[PDB]
file coords-v8.csv (CSV, C-alpha atoms and all ligand atoms)
chain,number,residue,atom,x,y,z
V,1,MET,CA,0.0,0.0,0.0
V,2,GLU,CA,2.7,2.4,0.9
V,3,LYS,CA,4.7,1.2,-2.2
V,4,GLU,CA,1.7,2.3,-4.2
V,5,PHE,CA,1.5,5.5,-2.2
V,6,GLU,CA,5.2,6.3,-3.0
V,7,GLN,CA,4.6,5.8,-6.7
V,8,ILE,CA,1.5,7.9,-6.9
V,9,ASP,CA,3.2,10.7,-5.0
V,10,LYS,CA,6.3,10.5,-7.2
V,11,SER,CA,4.2,10.6,-10.4
V,12,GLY,CA,1.8,13.2,-9.0
V,13,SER,CA,-1.1,11.2,-10.2
V,14,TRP,CA,-3.6,11.5,-7.3
V,15,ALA,CA,-6.1,13.5,-9.4
V,16,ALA,CA,-5.9,10.8,-12.1
V,17,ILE,CA,-6.3,7.9,-9.8
V,18,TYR,CA,-9.2,9.7,-8.1
V,19,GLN,CA,-10.9,10.5,-11.4
V,20,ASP,CA,-10.6,6.8,-12.5
V,21,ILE,CA,-12.5,5.8,-9.3
V,22,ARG,CA,-15.2,8.4,-10.1
V,23,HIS,CA,-15.5,7.1,-13.6
V,24,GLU,CA,-15.7,3.4,-12.5
V,25,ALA,CA,-18.1,4.1,-9.6
V,26,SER,CA,-21.5,2.3,-9.6
V,27,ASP,CA,-24.5,4.4,-10.8
V,28,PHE,CA,-27.8,3.0,-9.4
V,29,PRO,CA,-31.2,4.7,-9.4
V,30,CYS,CA,-32.4,7.0,-6.6
V,31,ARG,CA,-36.1,7.1,-7.6
V,32,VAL,CA,-37.5,7.4,-4.1
V,33,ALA,CA,-35.1,10.2,-3.1
V,34,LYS,CA,-36.3,12.1,-6.2
V,35,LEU,CA,-40.0,11.9,-5.6
V,36,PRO,CA,-41.6,15.3,-5.3
V,37,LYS,CA,-42.8,14.6,-1.8
V,38,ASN,CA,-39.2,14.0,-0.7
V,39,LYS,CA,-37.8,17.3,-2.0
V,40,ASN,CA,-37.6,18.9,1.5
V,41,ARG,CA,-36.0,15.7,3.0
V,42,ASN,CA,-32.8,16.2,1.0
V,43,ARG,CA,-30.2,18.8,1.9
V,44,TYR,CA,-28.4,18.7,-1.5
V,45,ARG,CA,-30.2,17.9,-4.8
V,46,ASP,CA,-27.1,16.1,-6.1
V,47,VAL,CA,-26.5,13.8,-3.2
V,48,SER,CA,-29.1,11.0,-2.8
V,49,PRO,CA,-29.2,7.5,-1.4
V,50,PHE,CA,-29.5,4.6,-3.9
V,51,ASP,CA,-32.9,2.9,-3.6
V,52,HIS,CA,-31.3,-0.5,-3.1
V,53,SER,CA,-29.3,0.6,0.0
V,54,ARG,CA,-31.5,3.3,1.5
V,55,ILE,CA,-32.5,3.1,5.1
V,56,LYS,CA,-36.3,2.8,5.4
V,57,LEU,CA,-38.1,4.5,8.3
V,58,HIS,CA,-40.7,2.3,10.0
V,59,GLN,CA,-43.8,4.3,9.2
V,60,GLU,CA,-46.7,4.0,6.7
V,61,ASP,CA,-46.8,7.7,5.8
V,62,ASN,CA,-43.4,8.4,4.4
V,63,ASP,CA,-40.4,6.0,5.0
V,64,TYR,CA,-37.8,8.2,3.4
V,65,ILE,CA,-34.6,9.6,4.9
V,66,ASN,CA,-31.4,10.5,3.0
V,67,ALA,CA,-29.4,7.7,4.5
V,68,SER,CA,-27.6,4.6,3.1
V,69,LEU,CA,-26.6,1.3,4.6
V,70,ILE,CA,-23.0,0.4,3.7
V,71,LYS,CA,-22.5,-3.3,4.5
V,72,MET,CA,-18.9,-4.4,4.1
V,73,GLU,CA,-19.2,-8.2,4.0
V,74,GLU,CA,-15.6,-9.2,4.2
V,75,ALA,CA,-14.7,-6.6,6.8
V,76,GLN,CA,-17.8,-7.6,8.8
V,77,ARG,CA,-19.0,-4.1,9.6
V,78,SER,CA,-22.0,-2.0,8.6
V,79,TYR,CA,-22.2,1.7,8.7
V,80,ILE,CA,-25.2,4.0,8.0
V,81,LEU,CA,-24.1,7.1,6.1
V,82,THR,CA,-26.4,10.0,6.2
V,83,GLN,CA,-26.6,13.8,5.4
V,84,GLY,CA,-26.5,16.3,8.2
V,85,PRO,CA,-30.2,16.4,9.4
V,86,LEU,CA,-32.4,19.2,8.3
V,87,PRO,CA,-34.7,21.2,10.6
V,88,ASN,CA,-37.6,19.0,9.5
V,89,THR,CA,-35.7,15.7,9.5
V,90,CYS,CA,-34.3,15.6,13.0
V,91,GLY,CA,-37.1,13.5,14.3
V,92,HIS,CA,-36.6,11.1,11.3
V,93,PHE,CA,-32.9,11.0,12.2
V,94,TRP,CA,-33.4,9.8,15.7
V,95,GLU,CA,-36.2,7.5,14.6
V,96,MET,CA,-33.6,5.8,12.4
V,97,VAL,CA,-31.1,5.6,15.2
V,98,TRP,CA,-33.8,4.0,17.4
V,99,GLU,CA,-35.2,1.6,14.8
V,100,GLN,CA,-31.7,0.5,13.6
V,101,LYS,CA,-30.5,0.1,17.2
V,102,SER,CA,-27.5,2.3,16.7
V,103,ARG,CA,-25.3,2.9,19.8
V,104,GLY,CA,-23.1,5.6,18.4
V,105,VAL,CA,-23.3,8.6,16.1
V,106,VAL,CA,-20.1,10.0,14.4
V,107,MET,CA,-20.4,13.6,13.3
V,108,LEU,CA,-17.5,15.0,11.3
V,109,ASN,CA,-18.7,18.5,10.5
V,110,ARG,CA,-19.8,21.6,12.5
V,111,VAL,CA,-23.3,23.0,12.5
V,112,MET,CA,-21.9,26.2,10.9
V,113,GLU,CA,-18.7,26.2,8.8
V,114,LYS,CA,-17.3,29.3,7.2
V,115,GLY,CA,-20.5,31.3,7.9
V,116,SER,CA,-22.9,28.7,6.5
V,117,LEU,CA,-25.2,26.1,8.1
V,118,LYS,CA,-24.3,22.6,7.1
V,119,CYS,CA,-26.4,20.7,9.6
V,120,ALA,CA,-29.3,21.3,12.0
V,121,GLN,CA,-28.7,21.4,15.8
V,122,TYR,CA,-30.2,17.9,16.1
V,123,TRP,CA,-29.0,17.2,19.7
V,124,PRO,CA,-29.3,19.3,22.9
V,125,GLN,CA,-26.4,21.7,23.7
V,126,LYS,CA,-27.6,22.2,27.3
V,127,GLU,CA,-28.5,19.4,29.8
V,128,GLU,CA,-31.4,21.5,31.1
V,129,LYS,CA,-33.0,22.0,27.7
V,130,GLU,CA,-33.9,18.6,26.3
V,131,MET,CA,-35.5,18.1,22.9
V,132,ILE,CA,-38.8,16.5,22.0
V,133,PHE,CA,-39.4,15.3,18.4
V,134,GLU,CA,-43.2,15.3,18.3
V,135,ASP,CA,-43.5,13.8,14.8
V,136,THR,CA,-41.6,10.7,15.8
V,137,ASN,CA,-42.5,10.6,19.5
V,138,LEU,CA,-38.9,10.7,20.8
V,139,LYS,CA,-37.2,12.7,23.6
V,140,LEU,CA,-33.4,13.3,23.7
V,141,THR,CA,-31.4,14.6,26.6
V,142,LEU,CA,-27.7,15.6,27.0
V,143,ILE,CA,-26.4,13.7,29.9
V,144,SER,CA,-22.7,14.8,29.8
V,145,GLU,CA,-19.9,15.7,27.4
V,146,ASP,CA,-16.2,15.4,27.3
V,147,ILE,CA,-14.7,18.3,25.3
V,148,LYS,CA,-11.3,17.9,23.9
V,149,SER,CA,-9.4,20.3,21.7
V,150,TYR,CA,-10.5,19.0,18.3
V,151,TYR,CA,-13.4,16.6,19.2
V,152,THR,CA,-16.1,16.1,21.8
V,153,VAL,CA,-17.7,12.9,23.1
V,154,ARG,CA,-21.3,13.2,24.4
V,155,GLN,CA,-23.5,10.9,26.3
V,156,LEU,CA,-27.1,11.3,25.2
V,157,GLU,CA,-30.3,9.6,26.5
V,158,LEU,CA,-32.8,8.8,23.8
V,159,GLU,CA,-36.3,7.9,25.0
V,160,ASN,CA,-39.1,6.2,23.0
V,161,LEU,CA,-42.0,8.2,24.4
V,162,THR,CA,-44.5,5.5,23.3
V,163,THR,CA,-42.9,2.8,25.5
V,164,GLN,CA,-40.9,4.9,28.0
V,165,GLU,CA,-37.8,2.8,27.0
V,166,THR,CA,-34.5,4.7,27.1
V,167,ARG,CA,-31.1,4.1,25.5
V,168,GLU,CA,-27.7,5.7,25.9
V,169,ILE,CA,-26.3,7.0,22.6
V,170,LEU,CA,-22.7,8.0,22.3
V,171,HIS,CA,-22.0,11.1,20.1
V,172,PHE,CA,-18.5,11.4,18.7
V,173,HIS,CA,-18.1,14.9,17.3
V,174,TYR,CA,-14.9,15.7,15.3
V,175,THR,CA,-14.9,19.5,15.3
V,176,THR,CA,-11.8,20.4,13.3
V,177,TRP,CA,-12.3,18.6,9.9
V,178,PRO,CA,-12.8,21.3,7.2
V,179,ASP,CA,-15.3,20.7,4.5
V,180,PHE,CA,-13.7,19.2,1.3
V,181,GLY,CA,-10.6,19.0,3.4
V,182,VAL,CA,-8.6,16.5,5.6
V,183,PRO,CA,-7.9,16.0,9.3
V,184,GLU,CA,-4.9,17.9,10.6
V,185,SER,CA,-2.9,14.7,10.6
V,186,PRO,CA,-3.3,10.9,10.4
V,187,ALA,CA,-2.6,10.9,14.2
V,188,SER,CA,-5.5,13.1,15.1
V,189,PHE,CA,-7.8,11.1,12.8
V,190,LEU,CA,-6.7,7.7,14.2
V,191,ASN,CA,-6.8,8.9,17.8
V,192,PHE,CA,-10.5,9.8,17.2
V,193,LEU,CA,-11.3,6.6,15.3
V,194,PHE,CA,-9.8,4.4,18.0
V,195,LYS,CA,-11.8,6.4,20.6
V,196,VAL,CA,-15.0,5.4,18.7
V,197,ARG,CA,-13.8,1.7,18.5
V,198,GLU,CA,-12.9,1.6,22.2
V,199,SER,CA,-16.3,2.9,23.2
V,200,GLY,CA,-17.8,-0.4,21.9
V,201,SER,CA,-20.1,1.6,19.5
V,202,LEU,CA,-18.9,-0.3,16.4
V,203,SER,CA,-19.5,-3.8,18.0
V,204,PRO,CA,-21.6,-6.1,15.8
V,205,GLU,CA,-23.9,-6.6,18.9
V,206,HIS,CA,-25.3,-3.1,18.1
V,207,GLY,CA,-26.9,-1.7,15.0
V,208,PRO,CA,-24.7,0.1,12.5
V,209,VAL,CA,-23.0,3.2,13.7
V,210,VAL,CA,-24.5,6.4,12.1
V,211,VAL,CA,-21.8,8.5,10.4
V,212,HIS,CA,-22.5,11.9,8.9
V,213,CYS,CA,-20.9,15.2,7.8
V,214,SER,CA,-22.9,17.7,5.8
V,215,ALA,CA,-23.7,15.7,2.7
V,216,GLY,CA,-22.6,12.4,4.3
V,217,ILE,CA,-20.1,11.5,1.6
V,218,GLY,CA,-16.8,13.3,1.7
V,219,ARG,CA,-15.6,13.3,5.3
V,220,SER,CA,-18.0,10.4,6.1
V,221,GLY,CA,-16.6,8.4,3.3
V,222,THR,CA,-13.0,9.0,4.4
V,223,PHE,CA,-13.8,7.9,8.0
V,224,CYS,CA,-15.5,4.7,6.8
V,225,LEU,CA,-12.9,3.8,4.2
V,226,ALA,CA,-10.0,4.0,6.7
V,227,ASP,CA,-11.9,2.0,9.3
V,228,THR,CA,-12.8,-0.7,6.9
V,229,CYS,CA,-9.3,-1.0,5.4
V,230,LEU,CA,-7.8,-1.4,8.9
V,231,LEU,CA,-10.4,-4.0,9.7
V,232,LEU,CA,-9.4,-6.0,6.6
V,233,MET,CA,-5.7,-5.7,7.3
V,234,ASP,CA,-6.3,-7.2,10.7
V,235,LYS,CA,-8.4,-10.0,9.3
V,236,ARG,CA,-6.5,-11.1,6.2
V,237,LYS,CA,-3.5,-13.5,6.4
V,238,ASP,CA,-1.6,-11.0,4.3
V,239,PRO,CA,-2.5,-7.3,5.1
V,240,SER,CA,-0.5,-6.1,2.1
V,241,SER,CA,-3.3,-7.4,-0.1
V,242,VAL,CA,-5.7,-4.7,0.9
V,243,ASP,CA,-6.4,-2.6,-2.2
V,244,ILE,CA,-7.9,0.7,-0.9
V,245,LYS,CA,-9.1,1.7,-4.3
V,246,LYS,CA,-11.0,-1.6,-4.6
V,247,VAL,CA,-12.4,-1.1,-1.1
V,248,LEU,CA,-13.6,2.4,-2.0
V,249,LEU,CA,-15.3,1.2,-5.2
V,250,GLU,CA,-17.1,-1.5,-3.1
V,251,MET,CA,-18.3,1.1,-0.7
V,252,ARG,CA,-19.5,3.3,-3.5
V,253,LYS,CA,-21.9,0.5,-4.5
V,254,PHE,CA,-23.9,1.6,-1.4
V,255,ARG,CA,-23.8,5.4,-1.5
V,256,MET,CA,-22.6,7.8,-4.2
V,257,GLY,CA,-19.5,10.0,-4.0
V,258,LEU,CA,-17.8,8.6,-1.0
V,259,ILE,CA,-14.4,10.5,-0.7
V,260,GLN,CA,-14.9,13.9,-2.3
V,261,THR,CA,-11.4,15.1,-3.3
V,262,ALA,CA,-8.1,13.5,-4.5
V,263,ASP,CA,-6.5,14.7,-1.3
V,264,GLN,CA,-9.1,12.9,0.9
V,265,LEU,CA,-8.2,9.7,-1.0
V,266,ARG,CA,-4.5,10.4,-0.4
V,267,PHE,CA,-5.2,11.1,3.3
V,268,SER,CA,-7.0,7.7,3.5
V,269,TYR,CA,-3.9,5.9,2.3
V,270,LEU,CA,-1.8,7.8,5.0
V,271,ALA,CA,-4.3,7.0,7.7
V,272,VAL,CA,-4.3,3.4,6.9
V,273,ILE,CA,-0.6,3.1,6.5
V,274,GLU,CA,-0.1,4.8,9.8
V,275,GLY,CA,-2.9,2.8,11.5
V,276,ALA,CA,-1.5,-0.5,10.2
V,277,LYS,CA,1.4,-0.1,12.7
V,278,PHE,CA,-1.0,-0.6,15.6
V,279,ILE,CA,-2.7,-3.5,13.8
V,280,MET,CA,0.7,-5.2,13.4
V,281,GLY,CA,1.6,-4.9,17.1
V,282,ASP,CA,3.3,-1.5,17.7
V,283,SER,CA,2.5,-0.7,21.4
V,284,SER,CA,3.7,2.9,21.3
V,285,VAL,CA,1.9,4.5,18.3
V,286,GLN,CA,-1.5,4.8,20.0
V,287,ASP,CA,0.1,7.0,22.7
V,288,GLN,CA,2.2,8.9,20.1
V,289,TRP,CA,-1.1,9.7,18.2
V,290,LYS,CA,-2.6,11.2,21.4
V,291,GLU,CA,0.5,13.5,22.0
V,292,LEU,CA,0.5,14.5,18.3
V,293,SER,CA,-3.2,15.2,18.4
V,294,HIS,CA,-2.9,17.5,21.4
V,295,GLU,CA,-6.4,16.6,22.5
V,296,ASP,CA,-6.0,18.3,25.9
V,301,LIG,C1,-21.1,21.9,-10.1
V,301,LIG,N1,-21.1,22.8,-8.9
V,301,LIG,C2,-20.0,23.8,-8.7
V,301,LIG,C3,-19.6,23.9,-7.2
V,301,LIG,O1,-20.8,24.1,-6.4
V,301,LIG,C4,-21.8,23.3,-6.6
V,301,LIG,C5,-22.7,23.0,-5.5
V,301,LIG,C6,-23.8,22.1,-5.7
V,301,LIG,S1,-24.8,21.8,-4.3
V,301,LIG,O2,-26.4,21.6,-4.6
V,301,LIG,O3,-24.5,22.8,-3.0
V,301,LIG,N2,-24.4,20.2,-3.8
V,301,LIG,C7,-23.2,19.9,-3.0
V,301,LIG,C8,-23.2,18.5,-2.4
V,301,LIG,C9,-22.1,18.4,-1.3
V,301,LIG,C10,-22.1,19.2,-0.2
V,301,LIG,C11,-21.0,19.1,0.8
V,301,LIG,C12,-20.0,18.0,0.6
V,301,LIG,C13,-18.9,17.9,1.7
V,301,LIG,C14,-17.5,17.5,1.2
V,301,LIG,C15,-16.8,16.8,2.3
V,301,LIG,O4,-15.6,16.8,2.4
V,301,LIG,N3,-17.6,16.3,3.3
V,301,LIG,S2,-19.3,16.6,2.8
V,301,LIG,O5,-20.1,17.2,4.1
V,301,LIG,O6,-19.9,15.2,2.1
V,301,LIG,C16,-20.0,17.2,-0.6
V,301,LIG,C17,-21.1,17.3,-1.6
V,301,LIG,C18,-21.9,20.1,-3.9
V,301,LIG,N4,-21.9,19.5,-5.2
V,301,LIG,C19,-20.7,19.8,-5.7
V,301,LIG,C20,-20.0,19.5,-7.0
V,301,LIG,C21,-18.7,20.0,-7.3
V,301,LIG,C22,-18.0,20.9,-6.4
V,301,LIG,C23,-18.6,21.2,-5.1
V,301,LIG,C24,-20.0,20.7,-4.7
V,301,LIG,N5,-20.8,20.8,-3.6
V,301,LIG,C25,-24.1,21.6,-7.0
V,301,LIG,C26,-23.2,21.8,-8.1
V,301,LIG,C27,-22.0,22.6,-7.9
V,302,CA,CA,-24.4,24.7,33.0

call {"tool": "encode", "arguments": {"input": "coords-v8.csv", "output": "structure tokens"}}
result
Amino acid sequence: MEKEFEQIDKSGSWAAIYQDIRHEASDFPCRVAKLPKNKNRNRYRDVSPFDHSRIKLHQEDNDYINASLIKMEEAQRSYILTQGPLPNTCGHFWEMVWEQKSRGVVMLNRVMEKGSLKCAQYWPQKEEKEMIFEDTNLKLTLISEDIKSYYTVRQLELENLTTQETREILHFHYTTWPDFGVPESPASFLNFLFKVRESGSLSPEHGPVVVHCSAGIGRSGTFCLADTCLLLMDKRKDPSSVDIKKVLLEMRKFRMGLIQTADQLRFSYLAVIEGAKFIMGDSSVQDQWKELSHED
């Protein structure tokens, strides 16, 4: 993988490699997403979930949400990638989390970036001001939060008002990942990814983790690609056989446009090459990543 990395860097062909992936990516219909009645349920007109992999809400009225199930068979992990909830789809968002039995939510964007809203404030910012989603009959409360320099982890209590049942949801919010950009370093990214892994949120005993950014494809795709490749390197007899370009094409069978720039693709290689050191037994990199990330 790093041999390929070196060659691409030397040739300066990242844009070409990336364009080839865009050209070869699957193109499946998004008929439901495009129905007139779903116009206000989509944040961006050019980012829709494929019908075959879309997550269906459990309701007779309208079961649509701009979200896709990415099921990576070999890696044995599923992720739900979705757009940043809109003011009218926050209830749908949490209904999906409840129905799919998700334990964690990974947010890679900020509500406002460079003066523009990119996502609705779908969770409570104050413990004393909980939220009620009347359309889906759910209540959400901020229990606590651990604020680090570039990411915050929150403990949320989600309650199904119909049954009084409650569940703890972990919110992993990466706050310094610019739009169409990359994390400050492979170290800061990996430190965060392993925080999510360590929480148990990605365990197969839970429903798929919900990952989102603004459109749910650029930053969200980078996060999932790196995680899946690391999973495969740890599982295969020979980790050097992991073809990140092939893994990305496989993921794009489930949702369009995953990885939005050639540099996010290059960053994925770097994150996986760096992350591989831990997978192969290096006991000092995890700690090194934390120091490098300056999370305190
Ligand atoms: C072609 N063209 C020129 C540029 O501006 C737009 C914006 C939209 S639009 O209706 O505002 N649609 C947006 C969709 C969109 C929005 C945000 C992102 C973010 C990129 C990232 O790193 N993470 S993400 O939150 O997925 C990815 C994709 C979108 N589509 C684009 C196509 C080319 C370049 C930038 C784009 N942003 C549609 C077309 C165009
Ligand atoms: Ca207070």

call {"tool": "residues_near_ligand", "arguments": {"input": "coords-v8.csv", "ligand": "ligand CA 302 (chain V)", "cutoff": "9 Å", "atoms": "all atoms listed in the file", "output": "PyMOL selection string"}}
result
chain V and resi 126-128

call {"tool": "residues_near_ligand", "arguments": {"input": "coords-v8.csv", "ligand": "ligand LIG 301 (chain V)", "cutoff": "10 Å", "atoms": "only C-alpha atoms and all ligand atoms", "output": "PyMOL selection string"}}
result
chain V and resi 43-48+81-84+107-110+118-119+177-182+212-222+256-261+264

call {"tool": "closest_residue", "arguments": {"input": "coords-v8.csv", "among": "V:140, V:248, V:132, V:35", "to": "residue 70 in chain V", "atoms": "all atoms listed in the file"}}
result
V:248

call {"tool": "residues_around", "arguments": {"input": "coords-v8.csv", "residues": "residue 190 in chain V", "least_positions_apart": "6", "cutoff": "12 Å", "atoms": "all atoms listed in the file", "output": "PyMOL selection string"}}
result
chain V and resi 174+183-184+196-198+222-224+226-227+230+267-268+270-279+285-290+292-293

call {"tool": "closest_residue", "arguments": {"input": "coords-v8.csv", "among": "V:56, V:295, V:85, V:11", "to": "residue 187 in chain V", "atoms": "all atoms listed in the file"}}
result
V:295

call {"tool": "atom_distance", "arguments": {"input": "coords-v8.csv", "atom1": "CA of residue 253 in chain V", "atom2": "CA of residue 41 in chain V"}}
result
22.0 Å

call {"tool": "residues_around", "arguments": {"input": "coords-v8.csv", "residues": "residue 21 in chain V", "least_positions_apart": "3", "cutoff": "9 Å", "atoms": "all atoms listed in the file", "output": "list in words"}}
result
residues 16, 17, 18, 24, 25, 245, 246, 248 and 249 of chain V

call {"tool": "closest_residue", "arguments": {"input": "coords-v8.csv", "among": "V:163, V:125, V:62, V:152", "to": "residue 137 in chain V", "atoms": "only C-alpha atoms"}}
result
V:163

call {"tool": "build_atoms", "arguments": {"input": "coords-v8.csv", "residues": "range 8-24 of chain V", "atoms": "N, CA and C atoms", "output": "PDB file, in the frame of the given file"}}
result
ATOM      1  N   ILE V   8       2.508   6.892  -6.547  1.00  0.00           N
ATOM      2  CA  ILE V   8       1.500   7.900  -6.900  1.00  0.00           C
ATOM      3  C   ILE V   8       2.037   9.261  -6.557  1.00  0.00           C
ATOM      4  N   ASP V   9       2.644   9.387  -5.380  1.00  0.00           N
ATOM      5  CA  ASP V   9       3.200  10.700  -5.000  1.00  0.00           C
ATOM      6  C   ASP V   9       4.284  11.097  -5.946  1.00  0.00           C
ATOM      7  N   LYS V  10       5.177  10.175  -6.277  1.00  0.00           N
ATOM      8  CA  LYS V  10       6.300  10.500  -7.200  1.00  0.00           C
ATOM      9  C   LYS V  10       5.801  10.916  -8.566  1.00  0.00           C
ATOM     10  N   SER V  11       4.765  10.254  -9.074  1.00  0.00           N
ATOM     11  CA  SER V  11       4.200  10.600 -10.400  1.00  0.00           C
ATOM     12  C   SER V  11       3.245  11.788 -10.306  1.00  0.00           C
ATOM     13  N   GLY V  12       2.778  12.118  -9.106  1.00  0.00           N
ATOM     14  CA  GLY V  12       1.800  13.200  -9.000  1.00  0.00           C
ATOM     15  C   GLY V  12       0.555  12.892  -9.679  1.00  0.00           C
ATOM     16  N   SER V  13       0.088  11.658  -9.522  1.00  0.00           N
ATOM     17  CA  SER V  13      -1.100  11.200 -10.200  1.00  0.00           C
ATOM     18  C   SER V  13      -2.367  11.003  -9.351  1.00  0.00           C
ATOM     19  N   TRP V  14      -2.441  11.654  -8.194  1.00  0.00           N
ATOM     20  CA  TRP V  14      -3.600  11.500  -7.300  1.00  0.00           C
ATOM     21  C   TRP V  14      -4.903  11.882  -7.997  1.00  0.00           C
ATOM     22  N   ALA V  15      -4.913  13.023  -8.682  1.00  0.00           N
ATOM     23  CA  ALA V  15      -6.100  13.500  -9.400  1.00  0.00           C
ATOM     24  C   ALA V  15      -6.576  12.456 -10.415  1.00  0.00           C
ATOM     25  N   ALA V  16      -5.627  11.828 -11.109  1.00  0.00           N
ATOM     26  CA  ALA V  16      -5.900  10.800 -12.100  1.00  0.00           C
ATOM     27  C   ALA V  16      -6.490   9.554 -11.517  1.00  0.00           C
ATOM     28  N   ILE V  17      -5.848   9.107 -10.445  1.00  0.00           N
ATOM     29  CA  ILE V  17      -6.300   7.900  -9.800  1.00  0.00           C
ATOM     30  C   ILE V  17      -7.718   8.137  -9.239  1.00  0.00           C
ATOM     31  N   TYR V  18      -7.914   9.286  -8.603  1.00  0.00           N
ATOM     32  CA  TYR V  18      -9.200   9.700  -8.100  1.00  0.00           C
ATOM     33  C   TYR V  18     -10.272   9.752  -9.176  1.00  0.00           C
ATOM     34  N   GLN V  19      -9.924  10.377 -10.296  1.00  0.00           N
ATOM     35  CA  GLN V  19     -10.900  10.500 -11.400  1.00  0.00           C
ATOM     36  C   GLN V  19     -11.264   9.116 -11.949  1.00  0.00           C
ATOM     37  N   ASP V  20     -10.312   8.187 -11.995  1.00  0.00           N
ATOM     38  CA  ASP V  20     -10.600   6.800 -12.500  1.00  0.00           C
ATOM     39  C   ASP V  20     -11.631   6.149 -11.581  1.00  0.00           C
ATOM     40  N   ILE V  21     -11.544   6.404 -10.276  1.00  0.00           N
ATOM     41  CA  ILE V  21     -12.500   5.800  -9.300  1.00  0.00           C
ATOM     42  C   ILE V  21     -13.883   6.426  -9.568  1.00  0.00           C
ATOM     43  N   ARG V  22     -13.938   7.738  -9.778  1.00  0.00           N
ATOM     44  CA  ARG V  22     -15.200   8.400 -10.100  1.00  0.00           C
ATOM     45  C   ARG V  22     -15.839   7.841 -11.327  1.00  0.00           C
ATOM     46  N   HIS V  23     -15.010   7.597 -12.332  1.00  0.00           N
ATOM     47  CA  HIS V  23     -15.500   7.100 -13.600  1.00  0.00           C
ATOM     48  C   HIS V  23     -16.003   5.629 -13.462  1.00  0.00           C
ATOM     49  N   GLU V  24     -15.321   4.827 -12.656  1.00  0.00           N
ATOM     50  CA  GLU V  24     -15.700   3.400 -12.500  1.00  0.00           C
ATOM     51  C   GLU V  24     -16.766   3.169 -11.395  1.00  0.00           C
TER      52      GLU V  24
END
